[PDB]
Amino acid sequence: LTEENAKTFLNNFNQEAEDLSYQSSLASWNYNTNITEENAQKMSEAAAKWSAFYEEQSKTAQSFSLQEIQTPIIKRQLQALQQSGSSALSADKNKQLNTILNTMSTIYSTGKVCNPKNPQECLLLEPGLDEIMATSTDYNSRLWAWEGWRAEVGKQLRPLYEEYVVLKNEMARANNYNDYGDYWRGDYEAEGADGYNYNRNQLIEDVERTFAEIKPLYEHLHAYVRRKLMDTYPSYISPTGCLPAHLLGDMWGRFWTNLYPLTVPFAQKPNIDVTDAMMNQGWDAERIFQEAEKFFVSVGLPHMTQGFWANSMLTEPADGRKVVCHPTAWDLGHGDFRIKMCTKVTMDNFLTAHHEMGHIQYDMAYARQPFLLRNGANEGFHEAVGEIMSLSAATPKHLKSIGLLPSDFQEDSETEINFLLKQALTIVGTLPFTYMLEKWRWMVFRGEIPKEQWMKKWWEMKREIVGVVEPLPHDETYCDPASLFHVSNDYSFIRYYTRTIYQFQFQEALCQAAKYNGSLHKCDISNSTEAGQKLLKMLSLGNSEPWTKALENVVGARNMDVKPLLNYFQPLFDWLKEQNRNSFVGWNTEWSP
Amino acid sequence: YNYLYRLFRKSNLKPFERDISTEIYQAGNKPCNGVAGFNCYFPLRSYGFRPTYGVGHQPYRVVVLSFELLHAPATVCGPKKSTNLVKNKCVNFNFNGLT
Ligand SMILES: *[C@@H]1O[C@H](CO)[C@@H](O)[C@H](O)[C@H]1NC(C)=O
Ligand SMILES: *[C@@H]1O[C@H](CO)[C@@H](O)[C@H](O)[C@H]1NC(C)=O
């Protein structure tokens, strides 16, 4: 029978897949913690063998017909296995697309903009230009850096994007999708029992509905940031106009977190930084991860494995081997969970340790599931379940409980206001950018935007949605989105938006579970076993069930809700309303100086 | 790769039974004809043990002791402690089952 054949095929497949995936993950780990040519080539052969085996099994798995499979776990496993991805095209088209991706990657990593009239002062983005975007206050230098990187990236990446869109559209239509946007929206598709059905076309309208009510809070934040920047820049910013694109603290305006010194509410009040307290008490990375483990066992989740402590790196090795600075949590398979992080004794690395151990706990919980179902419910759940730990770890209650912060510490409203404003600049400010970018990519892949009117559409929407105007007029020979890392290297961007919604939804659900009686931003989930069990019910599922069922399991709702996000920022929203009475909230679409 | 286990078999094993057969498991309707592929899998799969595995996957050696009694006299009996010998006193003696 077809169902029994699929069961035996999956039983045969899982053990081989787990072995080859472990070999690939171990080779990738060995490259990531020890960078050399031999580790790179070993990783290359391991990934080649694993990918070849996966495609070979996927071609056999596509022979099965899903119309006669009743059990939803086997059907979901076969759905996961049958995603061919880029292999649906012919060898010529796949090779051309891979060539375009590789040239985009190697031209983004070697991006170069150089000083006019000073030819020796040529700057790359990664060491020097990000410092200019984060710290510099000079208008002309930021205008130079933004326009120069836009020119020397957009002019070289416009035709590459022109055939990139066509090849991705061909690949998606070869995989029974309407466009590449629908292929990305198929990651959120859930087929299951009645009432849990979610569709790809639903997602867009859901995002628009959730952006219908974030807009007043974003408008108040934009007005406050515009007023503070007007204080910084006297005549170059208009009261009723949009913000300039190069004054947002980042290269692309993705995060507003670098505007915090310019937009501080109370400069006299310090931040909640506890780095000096860690220095005085002689803390190290081992103590940081031990405190994180103490937090995760206080909430009720299981302890860390012995292999986690034995195999991970928590410090710069300094023995001659190059490592990657980015913290990453690795689920190698067969119960092997590791963290690669060069942990310095700082508050930021402490929160990052909580985030990555949240990733590891998420990986550990679904280990009982089959190999094809050892993933997140969607792309947003995995990062949200680490972001909630990062949220809870940073609270003054958590820092006072573990001795980092003194017992007699006074929490006045001013530190809560400026902390909430910094969180809004990091978190709320990226949401219109994410929504506008994803909407632009979806409409480009769909063909709703005409081919010769790409740029003119994008700068309209940034004037309309993000409320950010271009500093200089750009014609259609530019490719202004393509300067971002995620879009030049073929990465989905809606995961950050869904992460942001799910993070506050999970946080409010856990705080209601833990019976916290105060403001949401002060909430800690420590010493609450019931919240840990409520969380672990979702964490144990993996993607065995539809993501709507997991969302109902945590928050009691089957869709995205931004009421937790507004509830988190409610004191800040009241404060922004209190200081925007005289000013004009909102922006005008036409270019105002 | 020297430790193997049987993943596929037509019927369940009876108690205290072994199966050392290397016949290709025929899961469908078509004959396997000795060649692996689709719906024809080799039943013996390797336990690829590595030291960095999780505690649930590390190799465990198992010895099962099964005790049986038959109509024959039981001849596997545990040691009976022999205490020191005391002479010239009234002591309860147990010498080779003679009490
Ligand atoms: C990194 O790889 C090289 C190449 O095998 C090896 O000699 C070296 O010992 C490795 N580093 C560590 C810390 O093991
Ligand atoms: C949670 O339990 C630990 C266990 O000793 C304790 O040190 C800590 O103070 C507790 N936290 C709270 C908020 O009671």
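Proteins come first, then strands; the chains are lettered A, B, ... in the order of their sequence lines, and each starts at number 1.
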Please classify the contact between [X] and chain B as side chain, backbone, both or neither, with a heavy-atom cut-off of under 4.5 Å.
X	value
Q23(A)	side chain
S63(A)	side chain
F308(A)	neither

| Do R50(B) and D336(A) have side chains that get closer than 4.5 Å, going by heavy atoms? | no
| query | Any side-chain heavy atom of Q58(B) sitting closer than 4.5 Å to one from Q306(A)? | reply |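 Not touching, per the 4.5 Å side-chain cut-off.
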| request: Name the region of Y47(B), side chain, backbone, both or neither, that has any atom closer than 4.5 Å to a heavy atom of chain A. | output: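 Contact with chain A: none, neither part.
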Inspect the surroundings of [atom1] in [X] and state if more than 12 heavy atoms from other residues, nucleotides or ligands are less than 6.0 Å away.
X	atom1	answer
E23(B)	CD	no
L70(B)	CG	yes
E68(A)	CD	yes
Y3(B)	OH	no
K322(A)	NZ	no
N12(B)	CG	no
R368(A)	CZ	no

Atom [atom1] of [X] and atom [atom2] of [Y]: how far apart are they, to the nearest 0.5 Å?
X	Y	atom1	atom2	result
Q57(A)	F38(B)	CD	CZ	10.0 Å
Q15(A)	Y41(B)	CD	OH	12.5 Å
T52(B)	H334(A)	OG1	NE2	10.0 Å

| note | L7(B) and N11(A) have their tightest heavy-atom pair at CD2-O, 3.5 Å
| field | Between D19(A) and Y1(B), a side-chain donor and acceptor under 3.5 Å | value | yes
| Going by distance alone, is a donor N or O of one side chain under 3.5 Å from an acceptor N or O of the other, for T8(A) and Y25(B)? | no
